[PDB]
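Chains as they are written, first to last, in the deposited numbering: chain A, 140 to 214, 228 to 283, 286 to 372; chain B, 4 to 128.
For every residue, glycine included, the Cβ atom is placed at its ideal position computed from N, Cα and C.
Have a look at the structure below, then the notes.
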Ligand SMILES: C[S@@+](CC[C@H](N)C(=O)[O-])C[C@H]1O[C@@H](n2cnc3c(N)ncnc32)[C@H](O)[C@@H]1O
């Protein structure tokens, strides 16, 4: 198909973009990650949850007002007991906790946030639009949504948490699955604006301003 | 906005050396490239320093020492950035010095300007 000059032409072309990007990177090119995300790459197996405690408490008299997670359940295979052992008691003193629960673990998570001492009160429901419905193989029913369980503990009667401000229904697409809708952080803002946030088991696409994101893929 | 210094301090307090720049601002350079393929500032020093004594074309010899991981074949590829030339086939197999590199650039970076053959900050052949 006469392509020695074809394959040699793409090489020097592809090398130019490297040469281009590797220059822009040196020209102060901005990545998409906002300038207030606090990304921490670690494995929650080996992390010191007193280094994150001692720091935040010092650089902010508060603790975390909202806690997110989307843990990975063995069905990158993190065991059920080792997630239950993450000291979430000491990271959060007063606020809410948002944890995403797939259907195989929907009951597991309710047990999970209760041993940590919270109190189930709500559940966000993220239905999937085709662009307006999802098809998911379930053993008993077709799955068309994922749930994000909401627990709470402490005094939320402060003005720090705007009550009656967000819904339980979300209508985003299946963007880059497994990725969660960005509308959650907007809801966490309407609930609790300008506050200390935490998102365990997060990725590049989860970084936001004021969000402390922990995840071994950052 | 005090969230800036709060974001500035907490990044300094806990983030890996790569993810956070010494001043404390987010260093996007690591975030722009996928995975842990970002070439550490230390790694660049390591390649500059490994390359001069070992020499170009010694990649089979080159991989074994300085870069603990198996480096991508790129060592040829990255070197071009140091030498400011799209085709290092002229410089290949010649062992160089750690100081010689920059002199090579200024001439080619100048030549490519009078040759109009300068793109992306590196002499294009
Ligand atoms: C199901 S995902 C959660 C993704 C998240 N929903 C998001 O916003 O995209 C699981 C992620 O947890 C992170 N992770 C996996 N194992 C981990 C571990 N053992 N310790 C810490 N983080 C881990 C990895 O990024 C993996 O990408």
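Ranked by Cα distance from residue 27 of chain B, the first of B/34, B/35 and B/13 is B/13. Every alpha helix (DSSP H) of 4 residues or more that sits fully in the segment 31-90 of chain B is shown, in chain order, as 31-35, 44-57, 62-67 and 77-86. With its beta carbon at least 8 Å from every one in chain A, residue 40 of chain B lies outside the interface.
The alpha-carbon of residue 310 of chain A is positioned some 11 Å away from that of residue 245 of chain A. Each residue's CA atom was taken as its position, placing residue 211 of chain A and residue 55 of chain B some 46 Å apart.
The beta carbons of residue 112 of chain B and residue 86 of chain B sit no closer together than 8 Å. The nearest non-hydrogen atom of ligand 1 is 7 Å or more from the C-beta of residue 309 of chain A. In the DSSP assignment, residue 23 of chain B is bridged to B/29. Under the three-state reduction of DSSP output, residue 261 of chain A falls in the helix class. Residues of chain B with a Cβ closer than 9 Å to the Cβ of residue 151 of chain A are, in chain order, 89, 90, 127 and 128. In the structure shown, the three-state DSSP call for residue 351 of chain A is strand. Remark: C-beta atoms of residue 70 of chain B and residue 46 of chain B approach each other more closely than 8 Å.
When the five nearest sequence neighbours on each side are left out, the beta carbons in the same chain lying within less than 6 Å of the beta carbon of residue 95 of chain B are those of 59 and 60, in order along the chain. Taking 7 Å as the cut-off, the C-beta of residue 370 of chain A counts as close to a heavy atom of ligand 1. With respect to chain B, the C-beta atom of residue 194 of chain A has a partner C-beta closer than 8 Å.
Beta-bridge partners assigned by DSSP to residue 206 of chain A: A/249 and A/352. Residues of the segment 50-63 of chain B with a C-beta atom less than 9 Å from some C-beta of chain A do not occur. At a cut-off of 8 Å between beta-carbon atoms, residue 18 of chain B makes contact with chain A.
At a beta-carbon threshold of 9 Å, the residues of chain A lying near residue 28 of chain B are 174, ordered along the chain.
Under DSSP, residue 274 of chain A forms a beta bridge with A/304. Fully enclosed beta strand (DSSP E) runs of no fewer than 3 residues are not present anywhere in the segment 88-114 of chain B. When the five nearest sequence neighbours on each side are left out, the beta carbons in the same chain lying within less than 8 Å of the beta carbon of residue 291 of chain A are those of 297, in order along the chain. Counting the other Cβ atoms within 10 Å of the Cβ of residue 176 of chain A gives 16 or more, which makes it buried.
Cβ proximity to chain B below 9 Å picks out nothing from the segment 235-262 of chain A. For residue 332 of chain A, the closest C-alpha among the options A/348, A/195, A/262 and A/300 is that of A/300. In the structure shown, the three-state DSSP call for residue 287 of chain A is coil. Note on residue 88 of chain B: 16 or more other CB atoms within 10 angstroms of its CB, so buried under the neighbour-count rule. Excluding sequence positions up to five before and after residue 65 of chain B, its CB lies within less than 8 Å of the CB of 53, 54, 57, 74 and 78, all in the same chain and listed in chain order.
Under the three-state reduction of DSSP, residue 281 of chain A is assigned to coil, being neither helix nor strand. Closest in C-alpha terms to residue 268 of chain A, from the list A/253, A/278, A/238 and A/322, comes A/238.
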